[PDB]
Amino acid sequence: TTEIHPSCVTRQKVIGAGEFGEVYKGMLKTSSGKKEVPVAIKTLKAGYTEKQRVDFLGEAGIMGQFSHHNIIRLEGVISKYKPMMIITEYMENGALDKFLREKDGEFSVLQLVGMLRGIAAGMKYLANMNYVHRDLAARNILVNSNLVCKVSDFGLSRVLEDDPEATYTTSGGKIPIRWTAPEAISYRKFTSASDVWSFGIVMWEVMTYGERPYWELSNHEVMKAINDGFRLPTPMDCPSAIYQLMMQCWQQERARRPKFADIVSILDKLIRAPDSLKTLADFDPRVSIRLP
C-alpha cells in the first residue's frame, strides 16, 4: 500500500461532500515526477475516531489487495499528513445507477450485457479471493469514460472473523434489504452465493436503466413478496436468456444459484453469438391501452 506525499496531490473540484470528509477530482504526480494522472481523492477530516480511521484505512488496505480490470484501482494513501486521503483512479461517469438514470434508453442491449459481464468478472475475482462484498448494488459500481464498470465499496468488516459490524454497510447503516438474499437478511449468512443474488438485482437495475427494485414496496413488503416466491418481472426489451439468468440468481436455495464463474461464462457465450439475445422475454404491460 503506497504512501503518497502531499506534494504529489492537487485537488481540482469537489464531487461529493460528506459529514466525515469529501471526495474530490484531482491529479496525482507519480513515477518520480515524470507522470501525471487524474484521480479521485477521499479525505478524513480532523477529529475522526479510531473506528473511523480503521474503517477508512481498512477500505484502502483491501482495495490494495486487488488487481483486476473490473475492480477500482487504488493509487495509494496519505496517512502521515492531515487530512488523511485515499487516492484511486478517477471514474469519469460516476456511479452506475445514476449514470443509467441519466442515460435512459440510450444504450444497446449488447452494451448493457457487456456492462454486466464486466461486473460479473470483477465479482468472480472477488469471490475467488474469498472476499464477500455484502452490499453489491449499482450504486456501488463506478463507470469510466469508455463504459467499463468496476466494483467499489469495500471494508474490513467483511473479512475480519466474527466482526460485530459484518451485517452493516461500510458506513455502519443497515444494508438495504432489497438487494440482499433471504438467508443473509434472516440468518446473517453472507457468502458469495448471497452476492450472486445481489448480482441478479444488479442485472435488473442495468436492464431497466436504474429502476428502483420492487418500486414502492416497503422493505417488509419486499420480504413478504420474496418469501412468497414473487420475483421481479422482466425489464422491457430484455433478452429471454438474460431474464432467465437473473431468475437463477434469485433461487431461494443458495446452492441452486449459479457461481460467478457460471455467470461470466454464460454472458460471454451470449455476447459472442448475439443472435441469442434477439429472443426477448415477454414484458408484462402494467396498463391496458385499448385502440383500433
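Under this definition, the rigid core comprises the largest set of C-alpha atoms superposing within 1.5 Å between the forms. The first residue of the sequence shown is number 1, and the count goes up from there.
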item: RMS CA shift, core-fitted in 9 other deposited structures of this protein, bigger for 126 to 134 or for 80 to 88; value: 80 to 88
item: Between 251 to 259 and 54 to 62, larger RMS Cα displacement in 9 other deposited structures of this protein after core fit; value: 54 to 62
item: Unresolved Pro182 in a third or more of other entries flanked by modelled residues; value: no
item: Other entries lacking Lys98, at least a third; value: no
item: Greater mean Cα temperature factor according to the PDB record, 159 to 167 or 133 to 141; value: 159 to 167
item: Between 192 to 200 and 209 to 217 (mean CA B-factor, as deposited), the higher; value: 209 to 217
item: Among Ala40, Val37, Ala255, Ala225 - the residue whose C-alpha B-factor is largest in the record; value: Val37
item: Largest Cα B-factor, entry values, listed residues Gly114, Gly94, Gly173, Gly122; value: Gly173
item: Chain thirds of CA B-factor: placement of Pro235; value: lowest
item: Ranked against its chain, the third holding the CA B-factor of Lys80; value: highest
item: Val54, C-alpha B-factor rank within chain (lowest, middle or highest third); value: highest
item: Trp179 - Cα temperature factor, lowest/middle/highest third of chain; value: lowest
item: For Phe99, the third of its chain into which the C-alpha B factor falls; value: lowest
